[PDB]
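Before any comments, here is the structure.
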Amino acid sequence: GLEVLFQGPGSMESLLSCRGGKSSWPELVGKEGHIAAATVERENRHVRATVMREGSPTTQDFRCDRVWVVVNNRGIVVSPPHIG
C-alpha cells in the first residue's frame, strides 16, 4: 500500500513501496502500549511493533516494516503509531 517519496539531499527523488494495507493507527492513541502493539501486528502482518518511551533519540532512517508504539511514563500511547 504505502508509497513514500523522499525529496533527498539535493533534487534527489526516491520511492519506498511498503508492503501491506494499514500504515497509521489513530484509534490506538490512549490505549496501553501492549494492546496497541498487538493490534498493529494483527492488522498488518508485514510490520514489527516495538514499544518506545516518548522523545528517545530517533535513528535517522525510515523502515517500511517498523511501527514505533510511542508511550508516556504510564505505558499509554501518546501519538498515532505509523510505519517508519
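By order of appearance in the C-alpha cells: chains A, B, ..., then residues from 1 within every chain, and ligands from 1 in the order shown.
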
Can you pull out the residues contacting residue 48 (chain A)? Cut-off 9 Å, using only C-alpha atoms, and skip same-chain residues under 3 positions away; I want them as a PDB file with C-alpha atoms, in the first residue's frame.
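The file below, selection-v8.pdb, is the result:
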```
ATOM      1  CA  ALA A  37       1.400  -3.215  19.538  1.00  0.00           C
ATOM      2  CA  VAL A  40      -0.812  -3.118  14.856  1.00  0.00           C
ATOM      3  CA  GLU A  41       0.720  -6.594  14.214  1.00  0.00           C
ATOM      4  CA  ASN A  44      -0.617  -5.523   9.386  1.00  0.00           C
ATOM      5  CA  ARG A  45       1.401  -8.805   9.417  1.00  0.00           C
ATOM      6  CA  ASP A  65       8.387  -2.949   8.378  1.00  0.00           C
ATOM      7  CA  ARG A  66       8.671  -0.928  11.676  1.00  0.00           C
ATOM      8  CA  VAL A  67       5.856   0.652  13.781  1.00  0.00           C
ATOM      9  CA  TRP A  68       7.054   2.589  16.859  1.00  0.00           C
TER      10      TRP A  68
END
```

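Nearest residue to residue 30 (chain A), choosing from A:2, A:47, A:69, A:78 and counting only C-alpha atoms: A:78.
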
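Counting only C-alpha atoms and comparing A:14, A:21, A:8, A:3, the residue that lies closest to residue 42 (chain A) is A:21.
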
Once DSSP has gone over the backbone, tell me which residues of chain A are in strand (DSSP E or B), as an MDAnalysis selection string. chainID A and resid 3:7 13:17 24 32 48:53 66:71 76:77 82:83

So the first atom is CA of residue 32 (chain A) and the second is CA of residue 54 (chain A); what is the distance between them in Å, to one decimal place?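 Separation between CA of residue 32 (chain A) and CA of residue 54 (chain A): 13.9 Å.
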
Hey, can you check how far CA of residue 35 (chain A) sits from CA of residue 61 (chain A)? 25.9 Å

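Closest to residue 84 (chain A) among A:38, A:12, A:60, A:29 is A:60, based on only C-alpha atoms.
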
Can you work out the spacing between CA of residue 46 (chain A) and CA of residue 74 (chain A) in Å, to one decimal?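 Taking CA of residue 46 (chain A) as the start and CA of residue 74 (chain A) as the end point, the length is 27.8 Å.
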
Restricting to only C-alpha atoms, whichever of A:28, A:17, A:33, A:75 is closest to residue 5 (chain A) is A:17
